[PDB]
Structures are given as structure tokens and as C-alpha cells.
>>> print(open('start23.txt').read())   # compact mmCIF, C-alpha atoms and all ligand atoms
# COMPACT_ATOMS: atom_id res chain seq x y z
CA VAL A 49 -11.18 16.79 -7.35
CA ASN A 50 -7.99 15.02 -6.29
CA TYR A 51 -9.18 11.63 -5.04
CA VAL A 52 -7.12 9.88 -2.39
CA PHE A 53 -9.09 6.65 -2.88
CA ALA A 54 -11.55 5.55 -5.53
CA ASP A 55 -13.05 2.59 -7.27
CA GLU A 56 -15.47 3.08 -10.17
CA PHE A 57 -16.00 -0.70 -10.40
CA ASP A 58 -15.26 -0.95 -14.11
CA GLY A 59 -14.66 -4.36 -15.67
CA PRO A 60 -16.39 -7.24 -17.48
CA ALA A 61 -19.62 -8.77 -16.19
CA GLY A 62 -18.91 -11.55 -13.72
CA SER A 63 -15.37 -10.48 -12.94
CA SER A 64 -13.93 -9.98 -9.49
CA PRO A 65 -13.76 -6.61 -7.75
CA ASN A 66 -10.19 -5.31 -7.74
CA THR A 67 -8.33 -7.66 -5.37
CA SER A 68 -5.37 -5.32 -4.99
CA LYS A 69 -7.72 -2.62 -3.67
CA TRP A 70 -10.19 -4.73 -1.68
CA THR A 71 -9.85 -7.59 0.77
CA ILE A 72 -12.79 -9.89 0.14
CA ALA A 73 -13.74 -11.75 3.33
CA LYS A 74 -13.19 -15.52 3.19
CA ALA A 75 -15.29 -16.26 6.28
CA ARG A 76 -17.82 -14.62 8.61
CA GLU A 77 -16.42 -13.47 11.96
CA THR A 78 -16.41 -16.11 14.69
CA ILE A 79 -18.60 -14.83 17.52
CA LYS A 80 -17.97 -15.29 21.23
CA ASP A 81 -21.25 -15.72 23.13
CA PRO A 82 -23.51 -15.81 20.08
CA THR A 83 -27.14 -14.83 20.13
CA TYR A 84 -29.57 -17.22 18.47
CA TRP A 85 -29.02 -16.05 14.88
CA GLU A 86 -25.24 -15.70 15.41
CA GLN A 87 -24.80 -19.42 16.09
CA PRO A 88 -22.43 -21.09 13.61
CA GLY A 89 -25.24 -23.17 12.08
CA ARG A 90 -27.57 -20.19 11.55
CA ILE A 91 -25.32 -17.24 10.79
CA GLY A 92 -24.75 -16.16 7.19
CA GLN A 93 -21.35 -16.97 5.74
CA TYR A 94 -18.93 -14.82 3.79
CA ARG A 95 -16.87 -16.09 0.89
CA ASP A 96 -14.78 -14.87 -2.02
CA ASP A 97 -16.97 -16.28 -4.77
CA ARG A 98 -18.16 -14.56 -7.93
CA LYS A 99 -21.71 -15.68 -7.08
CA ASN A 100 -21.62 -13.26 -4.14
CA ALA A 101 -19.39 -10.40 -5.26
CA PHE A 102 -18.99 -9.58 -8.92
CA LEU A 103 -18.84 -6.62 -11.27
CA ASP A 104 -21.85 -6.27 -13.54
CA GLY A 105 -20.02 -5.06 -16.66
CA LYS A 106 -21.82 -1.74 -16.47
CA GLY A 107 -19.68 -0.11 -13.81
CA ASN A 108 -21.32 -1.51 -10.67
CA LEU A 109 -20.14 -3.82 -7.96
CA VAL A 110 -22.83 -6.32 -7.01
CA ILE A 111 -22.65 -7.73 -3.50
CA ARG A 112 -25.12 -10.59 -3.46
CA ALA A 113 -26.61 -12.82 -0.82
CA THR A 114 -27.56 -16.32 -1.95
CA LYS A 115 -28.91 -19.54 -0.50
CA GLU A 116 -27.14 -22.84 -1.22
CA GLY A 117 -28.50 -25.91 0.49
CA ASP A 118 -29.32 -24.76 4.01
CA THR A 119 -26.58 -22.13 4.15
CA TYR A 120 -26.76 -18.46 3.20
CA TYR A 121 -23.74 -16.66 1.75
CA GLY A 122 -22.98 -12.97 1.48
CA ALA A 123 -19.80 -10.98 0.95
CA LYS A 124 -17.70 -8.22 2.54
CA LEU A 125 -15.13 -5.95 0.91
CA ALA A 126 -12.73 -3.89 3.01
CA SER A 127 -10.29 -1.44 1.47
CA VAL A 128 -6.60 -2.08 2.02
CA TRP A 129 -6.11 1.71 1.89
CA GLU A 130 -6.95 3.76 4.98
CA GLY A 131 -7.67 7.47 5.29
CA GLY A 132 -7.40 9.87 8.20
CA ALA A 133 -9.17 13.04 9.32
CA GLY A 134 -10.27 15.77 6.95
CA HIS A 135 -11.62 13.81 4.00
CA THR A 136 -15.02 13.42 2.39
CA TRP A 137 -16.08 9.86 1.62
CA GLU A 138 -18.97 8.90 -0.68
CA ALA A 139 -20.50 5.82 -2.24
CA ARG A 140 -23.38 5.64 -4.71
CA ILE A 141 -25.46 2.61 -3.75
CA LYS A 142 -28.75 0.93 -4.67
CA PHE A 143 -30.09 -1.50 -2.08
CA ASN A 144 -32.15 -4.21 -3.78
CA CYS A 145 -31.68 -6.49 -0.81
CA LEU A 146 -34.18 -5.06 1.68
CA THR A 147 -35.53 -8.43 2.67
CA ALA A 148 -35.90 -10.68 5.71
CA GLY A 149 -32.51 -11.89 6.92
CA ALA A 150 -30.44 -9.37 4.98
CA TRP A 151 -28.03 -6.93 6.58
CA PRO A 152 -26.30 -4.53 4.14
CA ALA A 153 -23.93 -1.82 5.29
CA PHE A 154 -21.56 0.91 4.12
CA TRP A 155 -19.18 1.93 6.89
CA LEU A 156 -15.73 3.10 7.85
CA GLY A 157 -13.92 0.80 10.24
CA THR A 158 -10.78 0.36 12.29
CA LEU A 159 -9.31 -2.53 14.25
CA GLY A 160 -8.97 -0.01 17.07
CA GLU A 161 -11.69 2.00 18.78
CA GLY A 162 -14.35 3.65 16.68
CA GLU A 163 -16.58 3.16 13.68
CA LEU A 164 -18.70 5.27 11.34
CA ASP A 165 -21.71 3.35 10.11
CA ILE A 166 -22.85 5.47 7.21
CA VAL A 167 -25.84 3.35 6.26
CA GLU A 168 -27.00 0.10 7.85
CA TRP A 169 -30.27 -1.72 7.22
CA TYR A 170 -31.54 -4.57 9.38
CA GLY A 171 -33.51 -7.49 8.00
CA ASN A 172 -34.39 -8.74 11.48
CA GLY A 173 -37.71 -6.87 11.59
CA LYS A 174 -36.73 -5.30 14.93
CA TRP A 175 -34.13 -2.56 14.47
CA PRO A 176 -34.52 0.78 12.69
CA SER A 177 -32.08 1.42 9.88
CA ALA A 178 -29.50 3.92 11.02
CA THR A 179 -26.39 5.99 10.65
CA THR A 180 -24.21 5.61 13.75
CA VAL A 181 -21.06 7.15 15.17
CA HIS A 182 -19.36 4.69 17.55
CA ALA A 183 -16.64 5.86 19.91
CA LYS A 184 -15.92 2.41 21.37
CA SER A 185 -15.36 -1.08 19.98
CA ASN A 186 -17.55 -2.64 22.69
CA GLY A 187 -20.54 -0.82 21.19
CA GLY A 188 -21.04 1.01 24.46
CA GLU A 189 -20.81 4.66 23.41
CA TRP A 190 -22.49 6.09 20.34
CA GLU A 191 -24.78 8.60 18.69
CA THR A 192 -27.25 7.25 16.18
CA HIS A 193 -29.74 8.69 13.71
CA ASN A 194 -32.54 6.69 12.14
CA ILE A 195 -32.70 6.86 8.34
CA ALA A 196 -35.19 5.39 5.90
CA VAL A 197 -33.83 3.22 3.10
CA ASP A 198 -35.70 2.63 -0.15
CA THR A 199 -34.60 0.65 -3.21
CA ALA A 200 -33.59 3.66 -5.33
CA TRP A 201 -30.10 4.93 -6.14
CA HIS A 202 -28.61 7.32 -3.58
CA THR A 203 -25.27 8.80 -2.68
CA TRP A 204 -24.19 8.38 0.93
CA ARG A 205 -21.52 10.80 2.09
CA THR A 206 -19.62 11.40 5.30
CA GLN A 207 -17.05 14.02 6.21
CA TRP A 208 -15.15 13.51 9.47
CA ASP A 209 -12.21 15.07 11.25
CA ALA A 210 -10.86 15.65 14.75
CA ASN A 211 -13.85 17.84 15.62
CA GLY A 212 -16.87 16.01 14.29
CA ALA A 213 -18.61 13.86 11.72
CA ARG A 214 -21.37 14.79 9.25
CA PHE A 215 -23.57 12.77 6.89
CA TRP A 216 -25.57 13.49 3.73
CA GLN A 217 -27.88 11.48 1.52
CA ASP A 218 -27.96 12.70 -2.10
CA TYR A 219 -25.65 15.64 -1.35
CA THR A 220 -26.08 18.79 -3.39
CA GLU A 221 -24.03 21.97 -2.95
CA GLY A 222 -25.05 23.76 0.26
CA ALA A 223 -27.27 21.02 1.68
CA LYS A 224 -27.42 20.70 5.46
CA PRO A 225 -26.27 17.26 6.65
CA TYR A 226 -29.05 15.04 7.97
CA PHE A 227 -26.89 14.05 10.98
CA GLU A 228 -23.91 15.68 12.64
CA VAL A 229 -21.97 14.64 15.74
CA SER A 230 -19.46 16.88 17.51
CA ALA A 231 -16.51 15.57 19.51
CA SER A 232 -18.06 17.06 22.65
CA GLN A 233 -20.96 14.59 22.44
CA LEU A 234 -18.91 11.45 23.09
CA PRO A 235 -16.54 11.32 26.08
CA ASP A 236 -14.33 8.70 24.42
CA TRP A 237 -14.31 10.32 20.96
CA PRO A 238 -11.46 8.58 19.12
CA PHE A 239 -11.37 10.48 15.84
CA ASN A 240 -8.99 13.18 17.05
CA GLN A 241 -6.19 10.70 17.78
CA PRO A 242 -2.86 11.29 16.02
CA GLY A 243 -2.53 9.09 12.93
CA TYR A 244 -6.07 7.72 13.25
CA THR A 245 -7.11 6.11 9.96
CA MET A 246 -10.10 4.10 8.73
CA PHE A 247 -10.78 1.63 5.93
CA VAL A 248 -13.91 1.50 3.77
CA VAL A 249 -16.29 -1.45 4.14
CA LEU A 250 -19.10 -2.52 1.85
CA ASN A 251 -20.92 -5.68 2.89
CA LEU A 252 -24.10 -7.69 2.68
CA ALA A 253 -24.48 -10.18 5.49
CA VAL A 254 -27.26 -12.65 6.22
CA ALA A 255 -28.66 -13.47 9.66
CA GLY A 256 -26.60 -12.65 12.72
CA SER A 257 -28.16 -10.22 15.18
CA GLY A 258 -28.93 -7.60 12.53
CA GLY A 259 -30.39 -9.94 9.92
CA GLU A 260 -31.97 -12.75 11.96
CA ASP A 261 -34.26 -15.17 10.09
CA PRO A 262 -33.99 -15.18 6.26
CA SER A 263 -36.95 -17.59 5.81
CA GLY A 264 -39.41 -16.32 3.20
CA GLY A 265 -37.06 -13.58 2.04
CA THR A 266 -36.12 -12.74 -1.51
CA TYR A 267 -32.82 -14.39 -2.50
CA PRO A 268 -30.64 -13.67 -4.39
CA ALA A 269 -30.55 -10.31 -2.63
CA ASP A 270 -28.47 -7.58 -4.29
CA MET A 271 -26.59 -4.50 -3.13
CA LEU A 272 -25.28 -2.43 -6.05
CA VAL A 273 -22.41 0.03 -5.73
CA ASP A 274 -21.55 2.40 -8.58
CA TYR A 275 -18.46 3.90 -6.95
CA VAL A 276 -16.62 4.70 -3.75
CA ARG A 277 -14.66 7.98 -3.74
CA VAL A 278 -12.66 9.74 -1.04
CA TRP A 279 -11.14 13.22 -1.41
CA CA B 301 -19.22 2.87 -11.64
>>> encode(input="start23.txt", output="C-alpha cells", more="lines below")
Ligand SMILES: [Ca+2]
Amino acid sequence: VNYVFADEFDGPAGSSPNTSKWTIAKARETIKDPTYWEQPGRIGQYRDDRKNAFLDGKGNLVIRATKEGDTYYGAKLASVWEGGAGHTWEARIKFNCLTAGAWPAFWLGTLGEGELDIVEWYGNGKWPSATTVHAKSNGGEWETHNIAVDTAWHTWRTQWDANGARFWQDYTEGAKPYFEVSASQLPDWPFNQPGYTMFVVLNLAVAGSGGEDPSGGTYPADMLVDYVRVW
């Protein structure tokens, strides 16, 4: 109805996503005490390069992982805008990047405590793909729900407020959410804090703990996003 945030990703093929709306990561996060695939020489990089994040000219954002030399590159977009409790947030996404080493995600983040991982897929061959509600930044308090991810188009929707968070895949009117978490489930539930707001993140990383080894994978690896809408 009345959207408080939206991008329909319109624009010519090969053009940049809207840089006034999205912060495109210029480097992968530096990691204290890295695991094997988080080491600086093995982890996937992020950059603001049209080879890794571009509009397709048909109304989709493409976030793309590529290999150049011995280095893999992906991309991460984070909204400048932030929204608080009581909204519904949805993206329509097609994951064509479900390959060894890849680690796509659609999530709501904060620099403070808490995170809503709406859909995450792990190319490490070890971890189930999942939707996760995190109460703490240390990753020490959460509720998670395993989901299965195919390569078809889906909508991924969350609604969250002070009292809980709910998730739907391919929402239709009256559908029961596939996963719901109430405030009572997490002692350190942060989402009821006054003024608490979250930004939208869409990203495709390579390697790190979630992706691990990209050898033998299919690159370029593509994550397509038709829109993000919040109301
Ligand atoms: Ca679109």
C-alpha cells in the first residue's frame, strides 16, 4: 500500500544499483581470529564493481560472484534507510548461485544487538540453509528454522515488532508463517527496544565460514532480486 522503503531495481542493463539508496560494500569484513576459510588469502572479497552488482535492464538486481585470478569477488548492498517495529518486509529473489563456496543472504541488520536472517544458504556443504532470529551480536542467542532453497523465484517476507517475528515464503493472503518467534523465547530479545531500527541487506559472499571452498563450483554465480519492499 504505502511503502516506507522500496526498490524495484529499474534501469539499463549493466548500470549500478541506486547508490543513494544502497551502500555497496567496498571490502569484505576483516575478521579477528579467522577460521580456515576466513583467512585473508582465502576469503571472498567484496567490491563496488559492475561485474559483481548490476541491474539487468529487465527490473532485476544481479548480485554476482566471480573468480579473477586466484581471488573470488562478491557484493553486498545495505540500505541507508532503516525501519523500526511494525512493518512487513519482502524481497522477490531467485538464487542461481547455489554452488560450492557461495553464501547468499537476505537479512535485516543493525550495528547494535540483533539480526533477522530471512534466508541464508551455505555453500560449505556442512550447514543447513536457514531463517534465523538472533538476539545477540556474538551469535550466542537465537532461534533458527531450516528452510530448503531451490533455484526458482520466491518471495521472502518477514513481519516483526516488539512482540515477535514471523516469516513466509511465497506469501498468499491468510497463509500461516513457516516460522514464528515470540519475544518470550529469547531472554535478550532486542526488538522491543525504543527506537530500534534495522537496515536491509542483500549479499552474495564467497568462502568464509558459510561458503568455505569454492573449488569446482559454478562461477559466475548469480543472485537475482526483483524488488525489496517495506510497508
Ligand atoms: Ca523489479
>>> residues_near_ligand(input="start23.txt", ligand="ligand CA 301 (chain B)", cutoff="10 Å", atoms="all atoms listed in the file", output="ChimeraX atom specification")
/A:55-59,103-109,139-140,272-276
>>> atom_distance(input="start23.txt", atom1="CA of residue 189 (chain A)", atom2="CA of residue 278 (chain A)")
26.3 Å
>>> residues_near_point(input="start23.txt", point="(-18.9, 9.2, -1.1)", cutoff="6 Å", atoms="all atoms listed in the file", output="list in words")
residues 137, 138, 139, 204, 205, 276 and 277 of chain A
>>> residues_around(input="start23.txt", residues="residue 195 (chain A)", least_positions_apart="2", cutoff="7 Å", atoms="only C-alpha atoms", output="list in words")
residues 177, 178, 179, 193 and 197 of chain A
>>> closest_atom_pairs(input="start23.txt", of="region 117-193 of chain A", to="region 79-90 of chain A", cutoff="10 Å", atoms="only C-alpha atoms", output="CSV")
residue,atom,partner,partner_atom,distance
A:118,CA,A:90,CA,9.0
A:119,CA,A:90,CA,7.7
A:120,CA,A:90,CA,8.6
A:149,CA,A:85,CA,9.6
A:172,CA,A:85,CA,9.7
>>> write_last_selection(input="start23.txt", atoms="C-alpha atoms", output="PDB file, keeping the file's coordinate frame")
ATOM      1  CA  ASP A 118     -29.320 -24.760   4.010  1.00  0.00           C
ATOM      2  CA  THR A 119     -26.580 -22.130   4.150  1.00  0.00           C
ATOM      3  CA  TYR A 120     -26.760 -18.460   3.200  1.00  0.00           C
ATOM      4  CA  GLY A 149     -32.510 -11.890   6.920  1.00  0.00           C
ATOM      5  CA  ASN A 172     -34.390  -8.740  11.480  1.00  0.00           C
TER       6      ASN A 172
END
>>> residues_around(input="start23.txt", residues="residue 121 (chain A)", least_positions_apart="6", cutoff="12 Å", atoms="only C-alpha atoms", output="ChimeraX atom specification")
/A:73-76,90-101,111-115,149-151,251-255,262,267-270
>>> closest_residue(input="start23.txt", among="A:184, A:160, A:218, A:203", to="residue 234 (chain A)", atoms="only C-alpha atoms")
A:184
>>> residues_near_point(input="start23.txt", point="(-24.0, 9.2, 6.3)", cutoff="9 Å", atoms="all atoms listed in the file", output="mmCIF file with C-alpha atoms, keeping the file's coordinate frame")
data_model
loop_
_atom_site.group_PDB
_atom_site.id
_atom_site.type_symbol
_atom_site.label_atom_id
_atom_site.label_comp_id
_atom_site.auth_asym_id
_atom_site.auth_seq_id
_atom_site.Cartn_x
_atom_site.Cartn_y
_atom_site.Cartn_z
ATOM 1 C CA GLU A 138 -18.970 8.900 -0.680
ATOM 2 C CA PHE A 154 -21.560 0.910 4.120
ATOM 3 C CA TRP A 155 -19.180 1.930 6.890
ATOM 4 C CA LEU A 164 -18.700 5.270 11.340
ATOM 5 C CA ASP A 165 -21.710 3.350 10.110
ATOM 6 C CA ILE A 166 -22.850 5.470 7.210
ATOM 7 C CA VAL A 167 -25.840 3.350 6.260
ATOM 8 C CA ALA A 178 -29.500 3.920 11.020
ATOM 9 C CA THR A 179 -26.390 5.990 10.650
ATOM 10 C CA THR A 180 -24.210 5.610 13.750
ATOM 11 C CA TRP A 204 -24.190 8.380 0.930
ATOM 12 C CA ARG A 205 -21.520 10.800 2.090
ATOM 13 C CA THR A 206 -19.620 11.400 5.300
ATOM 14 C CA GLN A 207 -17.050 14.020 6.210
ATOM 15 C CA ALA A 213 -18.610 13.860 11.720
ATOM 16 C CA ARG A 214 -21.370 14.790 9.250
ATOM 17 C CA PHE A 215 -23.570 12.770 6.890
ATOM 18 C CA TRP A 216 -25.570 13.490 3.730
ATOM 19 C CA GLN A 217 -27.880 11.480 1.520
ATOM 20 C CA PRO A 225 -26.270 17.260 6.650
ATOM 21 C CA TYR A 226 -29.050 15.040 7.970
ATOM 22 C CA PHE A 227 -26.890 14.050 10.980
#
>>> residues_around(input="start23.txt", residues="residue 250 (chain A)", least_positions_apart="2", cutoff="7 Å", atoms="all atoms listed in the file", output="number ranges by chain")
A: 124-126, 153-155, 248
>>> atom_distance(input="start23.txt", atom1="CA of residue 264 (chain A)", atom2="CA of residue 64 (chain A)")
29.2 Å
>>> atom_distance(input="start23.txt", atom1="CA of residue 209 (chain A)", atom2="CA of residue 176 (chain A)")
26.5 Å
>>> residues_around(input="start23.txt", residues="residue 233 (chain A)", least_positions_apart="5", cutoff="12 Å", atoms="only C-alpha atoms", output="PyMOL selection string")
chain A and resi 181-183+189-192+211-213+228+238
>>> closest_residue(input="start23.txt", among="A:235, A:188, A:243, A:173", to="residue 260 (chain A)", atoms="all atoms listed in the file")
A:173
